[PDB]
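For reference, the structure is listed below as structure tokens.
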Amino acid sequence: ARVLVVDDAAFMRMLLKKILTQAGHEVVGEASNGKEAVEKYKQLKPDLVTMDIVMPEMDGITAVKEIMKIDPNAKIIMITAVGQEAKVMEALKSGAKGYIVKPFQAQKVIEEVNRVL
Amino acid sequence: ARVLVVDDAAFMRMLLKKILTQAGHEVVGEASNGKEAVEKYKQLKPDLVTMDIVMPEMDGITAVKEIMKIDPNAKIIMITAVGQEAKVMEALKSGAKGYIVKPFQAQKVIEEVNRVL
Amino acid sequence: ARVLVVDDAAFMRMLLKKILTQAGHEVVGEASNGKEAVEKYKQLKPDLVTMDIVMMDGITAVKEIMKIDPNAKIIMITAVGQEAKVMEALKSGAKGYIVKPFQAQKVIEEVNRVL
Amino acid sequence: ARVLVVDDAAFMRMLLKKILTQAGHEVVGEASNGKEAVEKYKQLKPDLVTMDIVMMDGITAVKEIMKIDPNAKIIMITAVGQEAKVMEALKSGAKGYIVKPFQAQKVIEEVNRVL
Amino acid sequence: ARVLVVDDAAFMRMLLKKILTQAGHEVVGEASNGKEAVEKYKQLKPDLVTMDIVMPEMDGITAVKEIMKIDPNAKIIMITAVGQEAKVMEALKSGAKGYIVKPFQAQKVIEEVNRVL
Amino acid sequence: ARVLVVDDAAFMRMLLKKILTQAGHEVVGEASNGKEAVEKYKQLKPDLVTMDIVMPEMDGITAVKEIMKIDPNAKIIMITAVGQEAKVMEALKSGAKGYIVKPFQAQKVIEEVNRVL
Amino acid sequence: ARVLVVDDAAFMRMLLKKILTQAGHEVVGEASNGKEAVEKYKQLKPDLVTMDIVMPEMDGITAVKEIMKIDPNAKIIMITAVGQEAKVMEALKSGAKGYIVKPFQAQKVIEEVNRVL
Amino acid sequence: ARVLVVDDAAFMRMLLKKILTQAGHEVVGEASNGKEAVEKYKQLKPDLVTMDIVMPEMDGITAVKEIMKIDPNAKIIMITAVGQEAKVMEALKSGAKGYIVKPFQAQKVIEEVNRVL
Amino acid sequence: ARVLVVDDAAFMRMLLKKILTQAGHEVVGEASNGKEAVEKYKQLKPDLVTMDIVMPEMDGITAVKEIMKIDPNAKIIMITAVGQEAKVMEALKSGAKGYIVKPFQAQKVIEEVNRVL
Amino acid sequence: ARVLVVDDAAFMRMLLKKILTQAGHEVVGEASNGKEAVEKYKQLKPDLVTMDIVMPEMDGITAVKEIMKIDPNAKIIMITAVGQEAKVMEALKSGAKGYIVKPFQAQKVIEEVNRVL
Amino acid sequence: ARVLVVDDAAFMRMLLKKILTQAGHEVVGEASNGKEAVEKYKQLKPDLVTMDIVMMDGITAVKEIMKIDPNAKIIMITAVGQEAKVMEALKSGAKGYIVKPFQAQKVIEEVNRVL
Amino acid sequence: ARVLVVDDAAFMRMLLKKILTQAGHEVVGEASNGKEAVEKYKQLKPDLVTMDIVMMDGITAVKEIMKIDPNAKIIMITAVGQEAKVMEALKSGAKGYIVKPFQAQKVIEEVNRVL
């Protein structure tokens with residue numbers, strides 16, 4: 001069978017891939033999160049999917065909060081896309097120190113890195 | 001000057017890594033999701049984190065539902081960890097056909113793969 | 001001579017208690033399940049524990065029904081903490097589950113999905 | 001729409017029956033254990049079965065008590081057909097067993113042997 | 001002229017076998033207990049059976065009790081077949097320390113041997 | 001450890017012996033019925049006993065009855081020891097055709113074999 | 001006109017061979033089971049194949065039984081993988097004297113060969 | 001010792017043969033299935049047989065499918081017994097060109113051979 | 001006067017060696033773990049042994065972690081038996097790239113070596 | 001490739017070494033325990049490491065027992081840290097003749113050496 | 001495209017066979033030594049041969065050891081069919097031999113005779 | 001009583017070692033070929049040596065095949081350090097070589113060049 005292997009841990013995808021291949025199956029693709037598994041399913045139409053039941057769920061804001069609990073002096077720069085300004089605002093409130101804009105202009109990224117350090 | 005780079009898109013991590021390295025910084029690690037960013041922060045104690053504001057949020061159950069919308073005959077095997085049985089149950093209800101237990105015992109994985117196919 | 005009596009059936013605890021008391025022993029406490037027996041053991045330090053096992057399981061019944069009728073429609077009832085068994089029941093052919101305590105609307109929604 | 005309701009608790013069968021009937025379904029039969037559900041399935045050919053699983057087990061409780069007190073004295077209660085579980089309980093540290101239905105003299109003889 | 005020889009004492013079967021063979025008969029099988037004599041009769045359809053009137057009668061439970069009288073610290077592991085669980089239970093009650101399951105899986109046999117020792 | 005292996009089937013003693021030896025244990029003796037296990041325990045004082053839960057229980061009379069059910073024309077000669085005359089009598093009643101006496105005198109055994117055939 | 005004849009019954013192969021030859025065809029090969037038919041097809045590239053739909057295939061246990069009928073003193077070692085213990089047990093019961101485990105450890109193979117001889 | 005080596009996998013026979021020969025034994029023959037092992041036993045009278053406990057069985061239908069993969073223009077006639085019709089149907093669907101029932105008339109066998117060519 | 005010095009700490013072996021030599025003794029060998037002390041005793045037959053009671057012993061997983069600290073691009077294949085899957089999983093998580101199973105099949109060892117390189 | 005082979009069993013290192021060499025790889029070193037594998041890695045910078053996941057650990061007490069089996073007149077002094085007294089006691093019971101606590105005075109070490117000789 | 005594969009290591013023949021087959025070639029035969037390769041060549045007439053023969057012999061080793069130590073004690077380990085070589089080894093200074101397959105008892109008897 | 005065990009098969013060294021040790025001897029070393037046995041003899045000075053060397057070479061096989069078929073196509077499989085032998089094999093008529101460890105791609109490239 002043609003198998004899509006889904007797990008956030010690269011090494012776990014590799015272990016499962018080895019077992020599946022030894023049993024005669026072909027791993028036709030891999031994914032590390034939910035959204036990616038859906039897209040790869042559409043594209044590859046595998047006979048079978050294996051999926052870790054823990055898929056990454058933690059949003060940027062929560063990650064900022066957790067890092068700030070571990071280290072109140074942490075320095076975090078957010079990357080924004082357009083339309084997510086509300087979330088960046090909240091990330092800054094929760095302790096992030098700045099942000100940079102995609103697509104990256106190298107000079108502006110570096111200027112912001114220097115300001116934050 | 002020691003930087004942890006966090007983004008779900010590999011090519012975006014590579015572009016940012018190149019800019020940071022050219023400017024004299026050392027990229028000491030990378031992460032593609034929130035949970036991984038937190039763990040890598042604890043472990044690496046970087047001077048600086050760059051973090052995409054959109055981190056993967058889709059849980060396993062939602063990924064199962066979405067795959068089932070695309071293909072009502074999809075064959076999906078969940079991987080369970082201990083303590084997540086409620087979520088596996090719901091994944092099965094939402095259309096997953098079976099599950100395998102970590103740590104993997106190859107013979108049982110294959111037996112479950114064969115039952116599902 | 002100090003005895004902790006464990007059985008899920010109240011009347012069976014009472015019958016055993018009567019026999020033990022007539023023979024000169026003191027029933028110092030009672031329990032109706034394993035977890036409760038452990039707690040009472042810590043607390044009472046009895047000389048002796050009597051324990052009844054409560055044992056065809058649900059999973060086998062699901063398998064047997066599916067052998068008789070491969071199109072059988074079975075909905076499991078679970079409470080919180082029994083999810084491992086429901087998982088196995090679903091794997092063995094059950095089509096869904098409903099949660100105790102029952103919320104009528106959710107029971108009916110699941111009944112309709114399964115039919 | 002024809003439903004076989006399976007649960008060891010009578011009152012839970014009645015609560016589910018009420019909800020199913022109010023939603024327009026017919027409860028065509030009831031059972032309190034797996035074996036009985038299989039027999040009733042053959043006989044009634046229901047469109048749908050609801051089945052409650054009845055699940056810390058006795059063996060784990062024996063193990064936990066033995067961790068707390070390696071000299072604990074535990075006597076299992078078995079009926080005919082549960083011998084596999086008693087065997088495992090004895091292996092996990094229980095010192096004996098008594099048979100239901102209880103014969104007072106044999107219970108006391110076993111209590112004395114174990115003490 | 002085709003003879004099934006039944007006796008619990010090997011040397012008695014050998015003496016009888018020698019006499020029968022010298023007299024021109026063919027010993028087509030041997031058995032050392034009752035159950036074995038019945039099975040060998042079905043299978044061999046001998047013209048004649050010789051059978052010691054004392055066949056072994058001691059059940060497993062009695063053998064456990066007798067060993068325990070000789071040595072109260074004896075360590076005995078029962079082998080169970082399916083359907084004999086009541087007898088194993090009673091053997092454990094009478095002083096046996098554990099049991100192993102046929103067919104033997106070597107790792108589990110050894111684990112049980114180690115637990116008992 | 002020093003192990004006494006008890007099982008009515010020779011091949012099962014050999015299989016268990018192989019597993020025990022591979023794990024480092026020494027099989028110091030074997031027995032095929034209950035009575036023999038007790039005697040060997042006394043004599044060998046093993047650290048450990050393995051014992052099949054089904055030990056032969058069927059007496060001579062039952063074996064005669066069972067053989068006669070299988071083949072009403074079966075020809076069975078009993079071997080008697082002194083003191084077991086009641087059992088031989090019952091074996092004859094249940095369909096055995098004769099008996100021979102231990103210790104064997106070859107001539108008398110053969111005379112009885114010829115009478116019965 | 002070049003024909004491969006496939007049937008598990010030798011007599012049926014002989015009858016078909018005779019008829020085909022009398023009609024002017026050349027029987028270029030024969031096979032008595034499926035696997036053999038495939039191999040002979042690759043190798044001989046016949047114009048035509050005749051093939052029985054049912055080839056009955058003798059398993060290891062049956063082969064042990066048949067060899068033991070031919071020679072009651074036969075010495076047979078089974079080659080097994082892990083997980084086949086029920087079948088090994090049955091093979092031993094039917095008269096096999098031992099077993100060796102794949103993948104092979106040469107030392108253990110030889111040890112088992114020596115024990116059996 | 002003189003050894004008959006029985007295994008369906010050629011490479012496994014070769015590995016066992018090498019180990020046996022290095023230890024000083026003589027592999028006097030090989031077989032790849034049960035029936036062949038029996039015949040070789042009769043003929044060679046080996047001191048010892050090594051025999052894989054699982055022989056894989058290719059059925060007629062699979063053999064037809066495999067031949068058709070090797071040569072899509074293969075010409076196959078199912079010469080079979082009555083009562084197999086579902087399997088013959090499937091063989092015909094999988095590419096077999098003909099069928100006859102045994103016992104047959106020579107004339108009709110040849111007529112079917114001619115139709116198929 | 002011929003002394004074997006046993007201690008896991010190199011500095012402690014050096015200090016003891018110096019003191020023993022200054023006092024007129026000859027240090028004929030050193031060992032840093034138990035197994036090594038035994039072997040060196042057999043071989044050197046010293047008049048005297050000094051021995052630390054506690055030698056801490058590094059397991060496979062710790063060795064993987066330590067090698068990965070020294071060289072983050074290290075390529076490590078674990079050698080495991082069946083039943084150790086939890087430990088292999090952890091070794092892979094700690095940075096090992098694969099595993100091979102004892103007893104060795106040479107072909108699979110090489111296949112895994114090639115995959116990892 | 002250049003390979004470092006790590007396994008506590010010499011014979012297992014030799015089997016793996018043979019397979020690797022036959023396939024064209026170079027075994028550049030060997031180790032029998034974790035600590036030794038780390039040191040050899042630093043020194044050899046191999047392309048690849050094969051490493052048994054379980055390293056067996058001989059403790060000091062076992063090493064004392066083993067030495068005493070080899071030579072019942074062995075002279076062993078336990079040079080140890082404070083807080084180990086139960087284990088030293090057992091070592092003395094198992095035949096060690098002396099003990100000193102580290103850190104020590106040279107003079108007292110030598111005095112204990114002299115007492116034991 | 002028809003290939004004869006020659007290598008003394010079975011697993012190396014198998015690896016090369018797999019690579020050749022994946023590339024579209026047919027492995028028509030195998031051999032593990034030179035003499036066997038020649039015979040298989042005659043018989044199979046392959047388009048192509050791959051060959052890895054891996055080749056100091058026992059007799060030379062005996063001679064060299066005897067030069068180093070004229071009192072050396074050497075036992076040859078031989079199978080049937082190698083008697084000419086054993087003869088020569090004994091002439092060159094070896095003191096005995098043991099025959100494969102080994103009986104432990106005969107090995108020990110020969111070791112004792114030679115010492 | 002101090003024994004050097006010489007055999008190209010690891011498992012045969014191990015079997016002989018076990019028998020020798022059970023009989024009271026000490027195996028002080030092992031070797032898998034002649035040259036190694038000589039070196040180990042010098043170094044260990046054993047009381048006793050057991051030796052099984054098992055020895056047509058590749059070059060002769062090439063020559064014989066070329067006599068049978070002057071258009072034969074032969075590829076040598078070599079490791080590093082055997083270049084002198086490959087040279088001679090090519091001179092005697094072999095058309096190419098492949099180097100261990102194999103890369104599949106290089107094997108195929110060489111097979112295609114030679115055909």
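Chains: A, B, ... in order of the structure tokens. Residues: from 1 per chain. Ligands: from 1, in order shown.
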With the cut-off set at 9 Å and counting only C-alpha atoms, tabulate each residue of chain F with an atom at most that distance from an atom of chain G, showing the nearest atom pair and its distance in Å to one decimal, ordered by chain and increasing number, as JSON lines.
{"residue": "F:9", "atom": "CA", "partner": "G:93", "partner_atom": "CA", "distance": 8.7}
{"residue": "F:11", "atom": "CA", "partner": "G:92", "partner_atom": "CA", "distance": 6.5}
{"residue": "F:12", "atom": "CA", "partner": "G:89", "partner_atom": "CA", "distance": 8.1}
{"residue": "F:14", "atom": "CA", "partner": "G:98", "partner_atom": "CA", "distance": 8.7}
{"residue": "F:15", "atom": "CA", "partner": "G:98", "partner_atom": "CA", "distance": 7.9}
Convert the current residue selection to file output with N, CA and C atoms, as a PDB file, in the first residue's frame.
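And here's part-v3.pdb as it stands now:
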ATOM      1  N   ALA F   9       3.789 -35.723  28.716  1.00  0.00           N
ATOM      2  CA  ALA F   9       4.292 -35.768  27.328  1.00  0.00           C
ATOM      3  C   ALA F   9       5.789 -35.543  27.265  1.00  0.00           C
ATOM      4  N   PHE F  11       7.727 -35.034  24.785  1.00  0.00           N
ATOM      5  CA  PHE F  11       8.138 -33.966  23.901  1.00  0.00           C
ATOM      6  C   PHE F  11       7.937 -32.619  24.596  1.00  0.00           C
ATOM      7  N   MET F  12       6.937 -32.493  25.472  1.00  0.00           N
ATOM      8  CA  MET F  12       6.750 -31.235  26.221  1.00  0.00           C
ATOM      9  C   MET F  12       7.808 -31.015  27.286  1.00  0.00           C
ATOM     10  N   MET F  14      10.847 -32.085  26.860  1.00  0.00           N
ATOM     11  CA  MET F  14      12.001 -31.711  26.050  1.00  0.00           C
ATOM     12  C   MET F  14      11.907 -30.234  25.634  1.00  0.00           C
ATOM     13  N   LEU F  15      10.749 -29.765  25.192  1.00  0.00           N
ATOM     14  CA  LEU F  15      10.601 -28.330  24.822  1.00  0.00           C
ATOM     15  C   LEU F  15      10.871 -27.410  25.994  1.00  0.00           C
TER      16      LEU F  15
END
For this session: Just need the residues of chain K within 9 Å of chain I, counting only C-alpha atoms, so spit them out as a VMD selection string.
Result: chain K and resid 11 to 12 14 to 15
Can those selected residues be exported to a file as a PDB file, in the first residue's frame so that it contains N, CA and C atoms?
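Produced file part18.pdb, reproduced below:
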ATOM      1  N   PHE K  11      25.217 -13.002   1.098  1.00  0.00           N
ATOM      2  CA  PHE K  11      24.476 -11.771   1.232  1.00  0.00           C
ATOM      3  C   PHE K  11      24.969 -10.768   0.189  1.00  0.00           C
ATOM      4  N   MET K  12      26.241 -10.823  -0.194  1.00  0.00           N
ATOM      5  CA  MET K  12      26.763  -9.923  -1.248  1.00  0.00           C
ATOM      6  C   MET K  12      26.212 -10.278  -2.638  1.00  0.00           C
ATOM      7  N   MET K  14      23.246 -11.551  -2.999  1.00  0.00           N
ATOM      8  CA  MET K  14      21.871 -11.098  -2.911  1.00  0.00           C
ATOM      9  C   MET K  14      21.784  -9.589  -3.120  1.00  0.00           C
ATOM     10  N   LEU K  15      22.672  -8.799  -2.494  1.00  0.00           N
ATOM     11  CA  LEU K  15      22.641  -7.334  -2.715  1.00  0.00           C
ATOM     12  C   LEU K  15      22.879  -6.972  -4.170  1.00  0.00           C
TER      13      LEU K  15
END
Exercise. Out of chain A, which residues get helix (DSSP H, G or I) from DSSP, as a PyMOL selection string?
Worked result: chain A and resi 10-22+34-44+60-70+85-93+106-116
Exercise. DSSP says strand (DSSP E or B) for which residues of chain F? Put them as a list in words?
Worked result: residues 2, 3, 4, 5, 6, 26, 27, 28, 29, 30, 31, 48, 49, 50, 51, 52, 76, 77, 78, 79, 80, 98, 99, 100 and 101 of chain F
What does the file look like for those residues with N, CA and C atoms, as a PDB file, in the first residue's frame?
ATOM      1  N   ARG F   2      18.416 -25.248  39.601  1.00  0.00           N
ATOM      2  CA  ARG F   2      18.192 -26.684  39.414  1.00  0.00           C
ATOM      3  C   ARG F   2      16.692 -26.992  39.353  1.00  0.00           C
ATOM      4  N   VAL F   3      16.234 -27.526  38.221  1.00  0.00           N
ATOM      5  CA  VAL F   3      14.800 -27.644  37.901  1.00  0.00           C
ATOM      6  C   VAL F   3      14.376 -29.084  37.657  1.00  0.00           C
ATOM      7  N   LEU F   4      13.255 -29.465  38.254  1.00  0.00           N
ATOM      8  CA  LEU F   4      12.586 -30.740  38.012  1.00  0.00           C
ATOM      9  C   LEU F   4      11.433 -30.435  37.073  1.00  0.00           C
ATOM     10  N   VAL F   5      11.385 -31.114  35.927  1.00  0.00           N
ATOM     11  CA  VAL F   5      10.374 -30.861  34.893  1.00  0.00           C
ATOM     12  C   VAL F   5       9.358 -32.005  34.886  1.00  0.00           C
ATOM     13  N   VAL F   6       8.088 -31.659  35.077  1.00  0.00           N
ATOM     14  CA  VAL F   6       7.044 -32.621  35.207  1.00  0.00           C
ATOM     15  C   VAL F   6       5.983 -32.408  34.162  1.00  0.00           C
ATOM     16  N   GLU F  26      19.552 -25.620  34.890  1.00  0.00           N
ATOM     17  CA  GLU F  26      19.951 -27.010  34.738  1.00  0.00           C
ATOM     18  C   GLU F  26      18.745 -27.879  35.084  1.00  0.00           C
ATOM     19  N   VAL F  27      18.271 -28.654  34.118  1.00  0.00           N
ATOM     20  CA  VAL F  27      17.205 -29.606  34.368  1.00  0.00           C
ATOM     21  C   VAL F  27      17.827 -30.838  35.008  1.00  0.00           C
ATOM     22  N   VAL F  28      17.604 -31.026  36.309  1.00  0.00           N
ATOM     23  CA  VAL F  28      18.240 -32.102  37.053  1.00  0.00           C
ATOM     24  C   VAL F  28      17.420 -33.385  37.066  1.00  0.00           C
ATOM     25  N   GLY F  29      16.186 -33.337  36.552  1.00  0.00           N
ATOM     26  CA  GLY F  29      15.355 -34.538  36.482  1.00  0.00           C
ATOM     27  C   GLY F  29      14.025 -34.288  35.863  1.00  0.00           C
ATOM     28  N   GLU F  30      13.347 -35.377  35.526  1.00  0.00           N
ATOM     29  CA  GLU F  30      12.085 -35.334  34.805  1.00  0.00           C
ATOM     30  C   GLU F  30      11.122 -36.347  35.415  1.00  0.00           C
ATOM     31  N   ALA F  31       9.826 -36.095  35.275  1.00  0.00           N
ATOM     32  CA  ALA F  31       8.810 -37.039  35.750  1.00  0.00           C
ATOM     33  C   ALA F  31       7.605 -36.930  34.894  1.00  0.00           C
ATOM     34  N   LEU F  48      13.395 -25.646  41.902  1.00  0.00           N
ATOM     35  CA  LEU F  48      12.217 -25.269  41.151  1.00  0.00           C
ATOM     36  C   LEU F  48      11.603 -26.487  40.497  1.00  0.00           C
ATOM     37  N   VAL F  49      10.275 -26.511  40.463  1.00  0.00           N
ATOM     38  CA  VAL F  49       9.535 -27.566  39.775  1.00  0.00           C
ATOM     39  C   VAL F  49       8.633 -26.905  38.746  1.00  0.00           C
ATOM     40  N   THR F  50       8.571 -27.433  37.533  1.00  0.00           N
ATOM     41  CA  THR F  50       7.509 -27.104  36.586  1.00  0.00           C
ATOM     42  C   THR F  50       6.608 -28.302  36.470  1.00  0.00           C
ATOM     43  N   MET F  51       5.307 -28.092  36.522  1.00  0.00           N
ATOM     44  CA  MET F  51       4.365 -29.189  36.536  1.00  0.00           C
ATOM     45  C   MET F  51       3.138 -28.898  35.695  1.00  0.00           C
ATOM     46  N   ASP F  52       2.911 -29.725  34.677  1.00  0.00           N
ATOM     47  CA  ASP F  52       1.674 -29.684  33.922  1.00  0.00           C
ATOM     48  C   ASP F  52       0.482 -29.872  34.850  1.00  0.00           C
ATOM     49  N   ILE F  76      -8.215 -57.560  25.981  1.00  0.00           N
ATOM     50  CA  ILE F  76      -7.330 -56.967  26.947  1.00  0.00           C
ATOM     51  C   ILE F  76      -6.947 -57.955  28.018  1.00  0.00           C
ATOM     52  N   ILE F  77      -5.649 -58.038  28.293  1.00  0.00           N
ATOM     53  CA  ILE F  77      -5.087 -58.831  29.407  1.00  0.00           C
ATOM     54  C   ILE F  77      -4.545 -57.890  30.460  1.00  0.00           C
ATOM     55  N   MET F  78      -4.990 -58.083  31.694  1.00  0.00           N
ATOM     56  CA  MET F  78      -4.549 -57.238  32.781  1.00  0.00           C
ATOM     57  C   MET F  78      -3.270 -57.816  33.367  1.00  0.00           C
ATOM     58  N   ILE F  79      -2.441 -56.975  33.928  1.00  0.00           N
ATOM     59  CA  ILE F  79      -1.322 -57.408  34.747  1.00  0.00           C
ATOM     60  C   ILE F  79      -1.749 -57.144  36.187  1.00  0.00           C
ATOM     61  N   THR F  80      -1.773 -58.186  37.003  1.00  0.00           N
ATOM     62  CA  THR F  80      -1.944 -57.976  38.428  1.00  0.00           C
ATOM     63  C   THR F  80      -0.717 -57.970  39.356  1.00  0.00           C
ATOM     64  N   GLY F  98      -8.530 -61.551  30.364  1.00  0.00           N
ATOM     65  CA  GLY F  98      -7.652 -62.372  31.209  1.00  0.00           C
ATOM     66  C   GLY F  98      -6.636 -61.552  31.965  1.00  0.00           C
ATOM     67  N   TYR F  99      -5.653 -62.248  32.545  1.00  0.00           N
ATOM     68  CA  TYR F  99      -4.651 -61.594  33.330  1.00  0.00           C
ATOM     69  C   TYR F  99      -3.399 -62.419  33.422  1.00  0.00           C
ATOM     70  N   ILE F 100      -2.271 -61.738  33.666  1.00  0.00           N
ATOM     71  CA  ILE F 100      -0.976 -62.348  33.868  1.00  0.00           C
ATOM     72  C   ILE F 100      -0.353 -61.785  35.149  1.00  0.00           C
ATOM     73  N   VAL F 101       0.557 -62.551  35.710  1.00  0.00           N
ATOM     74  CA  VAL F 101       1.061 -62.335  37.032  1.00  0.00           C
ATOM     75  C   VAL F 101       2.491 -61.819  36.932  1.00  0.00           C
TER      76      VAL F 101
END
Exercise. What's the 12 Å shell around residue 19 of chain L, counting only C-alpha atoms, without same-chain residues fewer than 5 positions away, as a list in words?
Worked result: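 Neighbouring residues, sequence-local ones excluded: residues 111 of chain G; 102, 103, 104, 105, 106, 107, 108, 109 and 111 of chain K; 3, 5, 12, 13, 14, 24, 25, 26 and 27 of chain L.
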Residues as selected, N, CA and C atoms, written as a PDB file, in the first residue's frame, can you do that?
ATOM      1  N   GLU G 111      24.422 -26.563  17.840  1.00  0.00           N
ATOM      2  CA  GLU G 111      24.057 -27.126  19.146  1.00  0.00           C
ATOM      3  C   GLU G 111      22.779 -27.960  19.075  1.00  0.00           C
TER       4      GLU G 111
ATOM      5  N   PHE K 102      32.815 -32.172  14.985  1.00  0.00           N
ATOM      6  CA  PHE K 102      33.470 -32.542  16.221  1.00  0.00           C
ATOM      7  C   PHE K 102      32.508 -33.407  17.123  1.00  0.00           C
ATOM      8  N   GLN K 103      33.093 -34.454  17.676  1.00  0.00           N
ATOM      9  CA  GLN K 103      32.662 -34.980  18.967  1.00  0.00           C
ATOM     10  C   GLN K 103      33.592 -34.387  20.013  1.00  0.00           C
ATOM     11  N   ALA K 104      33.049 -33.699  20.995  1.00  0.00           N
ATOM     12  CA  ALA K 104      33.822 -33.219  22.144  1.00  0.00           C
ATOM     13  C   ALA K 104      34.825 -34.230  22.712  1.00  0.00           C
ATOM     14  N   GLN K 105      34.369 -35.455  22.927  1.00  0.00           N
ATOM     15  CA  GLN K 105      35.223 -36.494  23.480  1.00  0.00           C
ATOM     16  C   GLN K 105      36.473 -36.743  22.610  1.00  0.00           C
ATOM     17  N   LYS K 106      36.307 -36.763  21.290  1.00  0.00           N
ATOM     18  CA  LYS K 106      37.448 -37.014  20.383  1.00  0.00           C
ATOM     19  C   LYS K 106      38.393 -35.844  20.302  1.00  0.00           C
ATOM     20  N   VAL K 107      37.859 -34.617  20.427  1.00  0.00           N
ATOM     21  CA  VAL K 107      38.682 -33.420  20.439  1.00  0.00           C
ATOM     22  C   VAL K 107      39.586 -33.484  21.631  1.00  0.00           C
ATOM     23  N   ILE K 108      39.004 -33.819  22.790  1.00  0.00           N
ATOM     24  CA  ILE K 108      39.758 -33.835  24.031  1.00  0.00           C
ATOM     25  C   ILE K 108      40.796 -34.946  24.013  1.00  0.00           C
ATOM     26  N   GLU K 109      40.410 -36.118  23.513  1.00  0.00           N
ATOM     27  CA  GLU K 109      41.350 -37.227  23.385  1.00  0.00           C
ATOM     28  C   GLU K 109      42.569 -36.845  22.535  1.00  0.00           C
ATOM     29  N   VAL K 111      43.593 -33.667  21.861  1.00  0.00           N
ATOM     30  CA  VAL K 111      44.349 -32.640  22.589  1.00  0.00           C
ATOM     31  C   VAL K 111      45.286 -33.303  23.625  1.00  0.00           C
TER      32      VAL K 111
ATOM     33  N   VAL L   3      45.879 -22.219  24.482  1.00  0.00           N
ATOM     34  CA  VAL L   3      45.541 -22.616  23.107  1.00  0.00           C
ATOM     35  C   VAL L   3      45.214 -21.423  22.225  1.00  0.00           C
ATOM     36  N   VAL L   5      43.346 -20.609  18.771  1.00  0.00           N
ATOM     37  CA  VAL L   5      42.324 -21.246  17.923  1.00  0.00           C
ATOM     38  C   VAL L   5      42.231 -20.516  16.598  1.00  0.00           C
ATOM     39  N   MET L  12      32.744 -21.451  14.384  1.00  0.00           N
ATOM     40  CA  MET L  12      33.564 -22.663  14.613  1.00  0.00           C
ATOM     41  C   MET L  12      34.655 -22.433  15.671  1.00  0.00           C
ATOM     42  N   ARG L  13      35.210 -21.236  15.711  1.00  0.00           N
ATOM     43  CA  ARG L  13      36.139 -20.856  16.770  1.00  0.00           C
ATOM     44  C   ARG L  13      35.435 -20.880  18.111  1.00  0.00           C
ATOM     45  N   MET L  14      34.204 -20.366  18.135  1.00  0.00           N
ATOM     46  CA  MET L  14      33.436 -20.322  19.365  1.00  0.00           C
ATOM     47  C   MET L  14      33.092 -21.731  19.839  1.00  0.00           C
ATOM     48  N   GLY L  24      39.084 -27.658  30.509  1.00  0.00           N
ATOM     49  CA  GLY L  24      40.082 -27.057  31.423  1.00  0.00           C
ATOM     50  C   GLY L  24      41.176 -26.202  30.794  1.00  0.00           C
ATOM     51  N   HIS L  25      41.134 -26.028  29.484  1.00  0.00           N
ATOM     52  CA  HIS L  25      42.163 -25.287  28.761  1.00  0.00           C
ATOM     53  C   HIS L  25      41.775 -23.823  28.690  1.00  0.00           C
ATOM     54  N   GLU L  26      42.748 -22.975  28.405  1.00  0.00           N
ATOM     55  CA  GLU L  26      42.542 -21.538  28.292  1.00  0.00           C
ATOM     56  C   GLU L  26      42.794 -21.136  26.841  1.00  0.00           C
ATOM     57  N   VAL L  27      41.772 -20.611  26.176  1.00  0.00           N
ATOM     58  CA  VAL L  27      41.952 -20.078  24.833  1.00  0.00           C
ATOM     59  C   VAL L  27      42.545 -18.686  24.964  1.00  0.00           C
TER      60      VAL L  27
END
For this session: Pull out every residue of chain L that has at least one atom within 6 Å of chain K, counting only C-alpha atoms, and report them as a list in words.
Result: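 Every residue of chain L that passes the 6 Å test is in residues 34, 48, 49, 50, 51, 52, 53, 56, 58, 61, 73, 74, 75, 76 and 77 of chain L.
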